[PDB]
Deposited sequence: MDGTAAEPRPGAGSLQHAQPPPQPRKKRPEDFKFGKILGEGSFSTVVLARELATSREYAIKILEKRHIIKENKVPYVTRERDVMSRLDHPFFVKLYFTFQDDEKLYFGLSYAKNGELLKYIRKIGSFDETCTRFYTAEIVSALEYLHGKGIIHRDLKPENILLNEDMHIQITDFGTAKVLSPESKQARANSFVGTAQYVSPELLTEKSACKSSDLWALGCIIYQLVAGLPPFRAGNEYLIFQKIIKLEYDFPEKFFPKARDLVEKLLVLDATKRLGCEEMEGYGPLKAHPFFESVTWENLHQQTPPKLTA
């Protein structure tokens, strides 16, 4: 068996950590243990009306299948007459994006560290035939110890052999704008954008509106500031490649081995990133 199903009364709900069109995430403290969980709450009525059952169900299933230190863990689920609740691990420090603004940009040791954590998280995710499809600084959280915790699998795609979704405009891959489709490489593209954002302080493709943004993406219109770490620049250039089959890290390019072997990660020990002490953020 297992611990009896939990119920709302077992918690003392606190502040709202964030909202979505889909639901609300609130910080809660379980009375019997004093443990803090970030509980995602969804209104069954709203979900049904919006035809999101498949999405919510997929989200819960992907999360249940993940058991890694770089991913928010799902501890339990329960529901009452009107709402569904998902008990997720609480990452106190919030969005990686906050830290990016807070300090402007990351030095080389910090960029390397956090990129390595993300790459390693991606290898794990892709190893299970799962595609995030909306990877970005706002979806990458930080736990109390400053290690990453990736979440929000509401837009995830589970492979079985991935065109029904888009994702945040600035991180969308060109294939999604053209062949109306997506694969593992799509996340790798988002990685390229993220890396670039860690070093430069802003995402690569920026413009007045979505349309302009998409124009630049399909034309690969962007450039590096003259201060950009050379090896990071080289790595980014191998990720922000229009042809999805030529991005460092994808199946056609022989996987994660070559990606992790990149010069930019020279001094990284991949086997125990999570045991390592994250570099102080400036």
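Participant: Give the ranges of the deposited sequence, numbered from 1, for which the structure holds no C-alpha coordinates, in sequence order.
Facilitator: According to the record, the gaps fall at 1-21, 183-188, 310.
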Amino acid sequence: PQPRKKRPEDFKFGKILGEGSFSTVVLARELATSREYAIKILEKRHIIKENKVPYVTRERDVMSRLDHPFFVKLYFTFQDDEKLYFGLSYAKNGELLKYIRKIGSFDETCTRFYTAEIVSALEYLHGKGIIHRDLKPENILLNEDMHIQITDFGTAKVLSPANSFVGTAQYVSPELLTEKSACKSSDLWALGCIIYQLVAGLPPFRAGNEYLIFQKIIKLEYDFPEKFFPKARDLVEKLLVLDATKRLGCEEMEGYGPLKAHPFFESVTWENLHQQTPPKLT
From here on, numbers count along this sequence of modelled residues.
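Participant: On average, which has the higher Cα B-factor in the deposited entry, 58-66 or 35-43?
Facilitator: Comparing averages over the C-alpha atoms only gives 58-66.
Participant: Mean CA temperature factor from the deposited coordinates, higher in 243-251 or in 223-231?
Facilitator: Of 243-251 and 223-231, the stretch with the higher C-alpha B-factor average is 223-231.
Participant: Report the option among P203, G94, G104, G127 whose CA atom has the maximum B-factor in the deposited record.
Facilitator: Answer for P203, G94, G104, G127: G104, with the highest C-alpha B-factor.
Participant: Kindly indicate the residue among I150, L74, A169, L198 with the greatest C-alpha B-factor in the PDB record.
Facilitator: In the PDB entry, the greatest C-alpha B-factor among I150, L74, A169, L198 is found at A169.
Participant: Could you place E123 in the lowest, middle or highest third of its chain by Cα temperature factor, using the values in the record?
Facilitator: Lowest third of the chain for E123's C-alpha B-factor.
Participant: Select lowest, middle or highest to describe the third in which the CA B-factor of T109 falls within its chain in this entry.
Facilitator: Middle third by C-alpha B-factor.
Participant: Could you say whether, by C-alpha temperature factor, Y99 belongs to the lowest, middle or highest third of its chain?
Facilitator: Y99: CA B-factor falls in the highest third of its chain.
Participant: If you rank every modelled residue in this chain by C-alpha B factor, which third holds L141: lowest, middle or highest?
Facilitator: Within its chain, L141 is a lowest-third residue by C-alpha B-factor, going by the deposited values.
Participant: Divide the modelled residues of the chain into thirds by Cα B-factor and specify which third, lowest, middle or highest, holds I131.
Facilitator: Middle third - that is where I131 ends up once the chain's C-alpha B-factors are sorted.
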